[PDB]
Every structure is written in structure tokens, then in C-alpha cells.
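> Pasting a structure here, questions to come.
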Amino acid sequence: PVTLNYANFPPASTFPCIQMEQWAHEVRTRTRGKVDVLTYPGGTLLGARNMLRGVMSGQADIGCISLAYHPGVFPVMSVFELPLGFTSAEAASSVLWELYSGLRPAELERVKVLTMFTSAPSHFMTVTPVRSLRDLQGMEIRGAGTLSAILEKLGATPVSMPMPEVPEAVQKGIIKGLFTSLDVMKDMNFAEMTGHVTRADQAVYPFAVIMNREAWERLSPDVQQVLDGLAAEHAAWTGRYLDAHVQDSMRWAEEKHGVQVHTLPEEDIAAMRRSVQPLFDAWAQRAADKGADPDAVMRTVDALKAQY
Ligand SMILES: N[C@H](Cc1c[nH]c2ccccc12)C(=O)O
């Protein structure tokens, strides 16, 4: 029997810890107890910042990284931080995994990728009402990676930071809101601090579950087939779980914390998407500079959406 330590950064109630426990449960069952997983939520073994270098060094066998936290490190997979028009985490998670499977880009070659998934589409959660793009001008809003670049294009003032830091940051006025999926309203009780939600339907945050290469290779071939066997299935399961939970989280925020929901005029939606168009070209150029083929990646994303 082997035991793998699985490091995670956010609290146990958030969906990246929920999916980790479900994955562990499937591993235990399909390997008939030949593999066990000891999980460490809340940064008790590795936090957001040292997660990648701590999995690669062996301080943890398995870890969960939010790709948007590591700008310039993932030139190919960061395409998934651009607005690709996904409305569900299930479809996004599934396409992300299939894209990774077919490309196996070199940026992730020093680790073994066990599975991937994404958040749901991002929205604005603010302390003060955002009813139009004008209200957003100058406003300090939390994002990370390309979601920050989207905020800047909209005229907001992006402040980049990992999730576990955001509550204190809101609570003390350093930021006026955040740009992400609405599950955090409940799971991290942002419904108490940010009383306003504005629909944006924007890019998702992509994640990878990563494993130390040596640890992966000391596993028997049949255990390895079980874990690879779980990859696509779990990507879909996570997105599915998250799409339902967003609905629950939001019903709970509205009818037990008075959260007000807003929607942008049709001309603001139009203008906002024109503003962000140039992020696709800046993404392609950064990718091309690091040796990847942005044309094939975009071709592949297109084909996989036409199919999920
Ligand atoms: N805000 C993004 C993605 C995200 C959405 N929900 C959670 C919950 C816990 C951690 C991250 C996220 C991010 O910071 O990665």
C-alpha cells in the first residue's frame, strides 16, 4: 500500500478541496486500497506560492495549482484564461483536459498532470453597485493572471493575489471587489462583505492537479492506468459539481444576505468584449515567442468546443 500526500491551498469547503477529496475517494476504491491519499487543505503542507516547487521537490507528492497564479510559466494552457465563451464549468473542464491530453505542452513536462478542471464563469462581486462600465472605472478589483489583464482592459484597477488572501483584503478596503465564480459567496462567505453581483459571463480560472514525476514513476503500471483512467471523468465531475454549487451558493447569498444582482446594458456587454479582443493576439505572440504554435492551439480549442 502506498500513501500519497496531496497538498491544497484553499479552505476545505472550497471546490478545489471538494474535488480533491472526491478524487482521493475514487483512487482508494478503484485501486482496492493499494493506494491511499492523505489530503492537506488550507495550505498546511504547501500554500499557493510554493505549491509547484514543493510538488517538484517532493515535499508533497500531489498538488493543485491555479494556473493564473503563475504568469508567463504556462504559455500554452493560459489560453484558457482568455474569454473562450464557456457558460459552464463542466464543458470548460472537459475541454481543458482534452486540450492538455492532445497537446502535452512542454511547460508541464517536469511534472505529471493527473487531471485538470476550471472554475465557473467569472462575475463581479463588489462592495458598491456596478450597474455599468462607467461604475467600474478606476475600481480596485481582485483577479489573477489574464483575468487581471481583462480587468485592466475594462478600465478597472487590477490587484492580483491568491484566493486565501482576498477576504482580509476586502475586509480592510484594499480592494473593492473581486472577479471570479460565485461559489465563493458561500464557500468563503463573501456574501457578507460584497453585497453586489454583476453578471459578466467572463473567462474561467483553469487548474491542474499535478504530481511529482518520481512519485508517479514508482507507481505500478496498473495503478497508473487507474489514475489516467480517472482523469477525464473527474474533470467532468468537478465542473458538474461546481455548476450546481454556484446555483446553491447564489440562492443562499440572495435570500439570507440581501445580495443585489445587476446586469450590464447591451451596449456595455458589446463594448467590453471589443476591449478584450486584443488579449488573444497578445496571448498568441507570447506563445509564439516561447516556441509554441498558437494557431494549432486555437484550432484545437475550436474543434474540442465543437464536440463538448
Ligand atoms: N478565483 C480563482 C478561481 C476560484 C474560484 N473559486 C475558488 C475557490 C477557491 C480557490 C480558487 C477559486 C482563483 O483564485 O484561483
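Every chain in the C-alpha cells has a letter given in the order shown (A, B, ...), and although residue numbers restart at 1 in each chain, ligands are simply numbered from 1 in the order shown.
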Env of residue A:211: 7 Å cut, atoms = only C-alpha atoms, seq-sep filter 6 positions within chain, self excluded. Answer as a PyMOL selection string.

chain A and resi 55+61-63+111-114

> Which of stretch 181-238 of chain A counts as strand (DSSP E) under DSSP, as a ChimeraX atom specification please?

/A:196-202,206-212

> Using only C-alpha atoms for the distances, tell me which of A:201, A:26, A:281, A:192 is nearest to residue A:228.

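Smallest distance to residue A:228 is found for A:26.
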
> Could you give me the residues within 7 Å of ligand 1, counting only C-alpha atoms and all ligand atoms, as a PyMOL selection string?

chain A and resi 10+14-16+66+68+119+143-144+162-163+180-181+183-184+205

> Based on the selection just made, write N, CA, C and O atoms of those residues as a PDB file, in the first residue's frame.


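Wrote again28.pdb, looks like this:
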ATOM      1  N   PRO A  10      -6.541  26.253  -0.682  1.00  0.00           N
ATOM      2  CA  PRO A  10      -7.698  26.978  -0.149  1.00  0.00           C
ATOM      3  C   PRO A  10      -8.413  26.184   0.921  1.00  0.00           C
ATOM      4  O   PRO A  10      -8.152  25.005   1.063  1.00  0.00           O
ATOM      5  N   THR A  14     -14.030  24.872  -0.062  1.00  0.00           N
ATOM      6  CA  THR A  14     -13.997  25.368  -1.457  1.00  0.00           C
ATOM      7  C   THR A  14     -13.880  24.232  -2.506  1.00  0.00           C
ATOM      8  O   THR A  14     -13.336  23.178  -2.230  1.00  0.00           O
ATOM      9  N   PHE A  15     -14.337  24.474  -3.729  1.00  0.00           N
ATOM     10  CA  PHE A  15     -14.452  23.395  -4.687  1.00  0.00           C
ATOM     11  C   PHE A  15     -13.131  22.663  -5.087  1.00  0.00           C
ATOM     12  O   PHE A  15     -13.173  21.476  -5.461  1.00  0.00           O
ATOM     13  N   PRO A  16     -11.973  23.347  -5.013  1.00  0.00           N
ATOM     14  CA  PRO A  16     -10.713  22.636  -5.263  1.00  0.00           C
ATOM     15  C   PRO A  16     -10.366  21.616  -4.158  1.00  0.00           C
ATOM     16  O   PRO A  16      -9.694  20.630  -4.462  1.00  0.00           O
ATOM     17  N   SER A  66      -3.637  26.673  -9.428  1.00  0.00           N
ATOM     18  CA  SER A  66      -4.408  27.595 -10.255  1.00  0.00           C
ATOM     19  C   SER A  66      -3.434  28.211 -11.217  1.00  0.00           C
ATOM     20  O   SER A  66      -2.538  28.938 -10.805  1.00  0.00           O
ATOM     21  N   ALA A  68      -3.485  30.625 -13.298  1.00  0.00           N
ATOM     22  CA  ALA A  68      -3.443  32.098 -13.370  1.00  0.00           C
ATOM     23  C   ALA A  68      -2.491  32.702 -12.352  1.00  0.00           C
ATOM     24  O   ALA A  68      -2.120  33.847 -12.506  1.00  0.00           O
ATOM     25  N   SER A 119     -12.821  26.834 -12.975  1.00  0.00           N
ATOM     26  CA  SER A 119     -13.896  27.433 -12.209  1.00  0.00           C
ATOM     27  C   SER A 119     -15.068  27.598 -13.135  1.00  0.00           C
ATOM     28  O   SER A 119     -14.990  27.273 -14.325  1.00  0.00           O
ATOM     29  N   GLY A 143      -8.112  40.094  -9.231  1.00  0.00           N
ATOM     30  CA  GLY A 143      -8.053  38.993 -10.159  1.00  0.00           C
ATOM     31  C   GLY A 143      -6.731  38.267 -10.018  1.00  0.00           C
ATOM     32  O   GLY A 143      -6.059  38.405  -9.002  1.00  0.00           O
ATOM     33  N   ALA A 144      -6.368  37.501 -11.038  1.00  0.00           N
ATOM     34  CA  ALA A 144      -5.041  36.904 -11.161  1.00  0.00           C
ATOM     35  C   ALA A 144      -4.777  36.610 -12.635  1.00  0.00           C
ATOM     36  O   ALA A 144      -5.691  36.257 -13.361  1.00  0.00           O
ATOM     37  N   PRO A 162      -3.593  35.584  -4.647  1.00  0.00           N
ATOM     38  CA  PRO A 162      -4.205  34.270  -4.450  1.00  0.00           C
ATOM     39  C   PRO A 162      -5.434  34.344  -3.523  1.00  0.00           C
ATOM     40  O   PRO A 162      -5.528  35.235  -2.665  1.00  0.00           O
ATOM     41  N   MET A 163      -6.353  33.402  -3.702  1.00  0.00           N
ATOM     42  CA  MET A 163      -7.652  33.469  -3.058  1.00  0.00           C
ATOM     43  C   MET A 163      -7.615  33.574  -1.527  1.00  0.00           C
ATOM     44  O   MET A 163      -8.406  34.317  -0.951  1.00  0.00           O
ATOM     45  N   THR A 180     -14.501  36.623 -10.170  1.00  0.00           N
ATOM     46  CA  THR A 180     -14.347  35.163 -10.188  1.00  0.00           C
ATOM     47  C   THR A 180     -15.704  34.458 -10.151  1.00  0.00           C
ATOM     48  O   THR A 180     -16.688  35.092 -10.341  1.00  0.00           O
ATOM     49  N   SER A 181     -15.743  33.137  -9.981  1.00  0.00           N
ATOM     50  CA  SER A 181     -17.012  32.397  -9.940  1.00  0.00           C
ATOM     51  C   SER A 181     -17.721  32.572  -8.584  1.00  0.00           C
ATOM     52  O   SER A 181     -17.074  32.828  -7.595  1.00  0.00           O
ATOM     53  N   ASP A 183     -19.332  30.727  -6.443  1.00  0.00           N
ATOM     54  CA  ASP A 183     -19.257  29.728  -5.371  1.00  0.00           C
ATOM     55  C   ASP A 183     -18.604  30.315  -4.104  1.00  0.00           C
ATOM     56  O   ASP A 183     -18.932  29.905  -3.010  1.00  0.00           O
ATOM     57  N   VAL A 184     -17.694  31.275  -4.275  1.00  0.00           N
ATOM     58  CA  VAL A 184     -17.017  31.894  -3.130  1.00  0.00           C
ATOM     59  C   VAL A 184     -17.947  32.759  -2.235  1.00  0.00           C
ATOM     60  O   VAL A 184     -17.601  33.048  -1.087  1.00  0.00           O
ATOM     61  N   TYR A 205     -11.144  30.364 -14.479  1.00  0.00           N
ATOM     62  CA  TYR A 205      -9.795  30.086 -13.954  1.00  0.00           C
ATOM     63  C   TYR A 205      -9.449  28.599 -14.152  1.00  0.00           C
ATOM     64  O   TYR A 205     -10.126  27.689 -13.653  1.00  0.00           O
TER      65      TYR A 205
END

> Just how far from atom CA of residue A:159 is atom CA of residue A:142, in Å to one decimal?

4.8 Å

> Please determine, counting only C-alpha atoms, which residue among A:103, A:79, A:17, A:116 has the shortest atom-to-atom distance to residue A:236.

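Nearest to residue A:236: A:116.
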
> Neighbouring residues of residue A:254 were defined as those with any atom within 9 Å, considering only C-alpha atoms; residues of the same chain fewer than 5 positions away were excluded. Please report them as a list in words.

residues 191, 195, 249, 259, 260 and 261 of chain A

> Those residues with N, CA, C and O atoms, as a compact mmCIF listing (two decimals), in the first residue's frame please?


# COMPACT_ATOMS: atom_id res chain seq x y z
N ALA A 191 -20.52 36.81 0.58
CA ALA A 191 -21.86 37.39 0.60
C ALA A 191 -22.02 38.44 1.73
O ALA A 191 -22.82 39.37 1.60
N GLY A 195 -21.90 42.87 -1.08
CA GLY A 195 -23.33 42.76 -1.28
C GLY A 195 -23.89 42.92 -2.71
O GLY A 195 -25.12 42.97 -2.88
N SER A 249 -25.04 28.32 -4.00
CA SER A 249 -24.34 29.38 -3.31
C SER A 249 -25.07 30.70 -3.49
O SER A 249 -25.16 31.49 -2.56
N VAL A 259 -28.01 40.00 -0.99
CA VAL A 259 -27.19 40.31 -2.15
C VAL A 259 -28.04 40.78 -3.34
O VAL A 259 -28.98 40.12 -3.75
N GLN A 260 -27.70 41.94 -3.88
CA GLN A 260 -28.35 42.52 -5.05
C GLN A 260 -27.62 42.09 -6.36
O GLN A 260 -26.39 42.16 -6.46
N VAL A 261 -28.40 41.68 -7.35
CA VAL A 261 -27.87 41.23 -8.65
C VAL A 261 -28.09 42.33 -9.69
O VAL A 261 -29.14 42.95 -9.74

> When you count only C-alpha atoms, which of these residues is closest to residue A:85: A:239, A:164, A:121, A:54?

A:121

> Pick out the residues sitting within 9 Å of residue A:240, and hand them over as a CSV table (one decimal) with C-alpha atoms, in the first residue's frame; count only C-alpha atoms, and ignore anything fewer than 2 positions along from it in its own chain.


chain,number,residue,atom,x,y,z
A,88,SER,CA,-20.5,26.1,-17.6
A,89,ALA,CA,-17.5,24.7,-15.7
A,90,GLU,CA,-18.4,21.2,-16.9
A,91,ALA,CA,-17.8,22.0,-20.6
A,93,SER,CA,-13.2,21.5,-17.5
A,235,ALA,CA,-12.5,16.8,-14.9
A,236,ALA,CA,-16.2,16.5,-15.9
A,237,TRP,CA,-17.3,15.6,-12.3
A,238,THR,CA,-15.7,18.8,-10.9
A,242,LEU,CA,-19.3,23.4,-9.4
A,243,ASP,CA,-22.1,24.4,-11.8
A,244,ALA,CA,-24.7,23.1,-9.3
A,245,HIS,CA,-23.0,24.6,-6.3

> May I have all residues of stretch 114-199 of chain A that DSSP, computed from the backbone, assigns to alpha helix (DSSP H), given as a ChimeraX atom specification?

/A:146-153,166-171,184-187

> Given the choices A:272, A:253, A:208, A:45, which gets closest to residue A:156 if the distance is worked out from only C-alpha atoms?

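The closest residue to residue A:156 is A:272.
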
> Residues within 12 Å of residue A:173, please, as a ChimeraX atom specification. Count only C-alpha atoms; anything in the same chain fewer than 3 positions from it doesn't count.

/A:126-128,139-142,166-170,176-177,193-194

> Under the rule that only C-alpha atoms are counted, which of A:59, A:48, A:178, A:20 is the nearest residue to residue A:215?

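Of all the options, A:59 lies closest to residue A:215.
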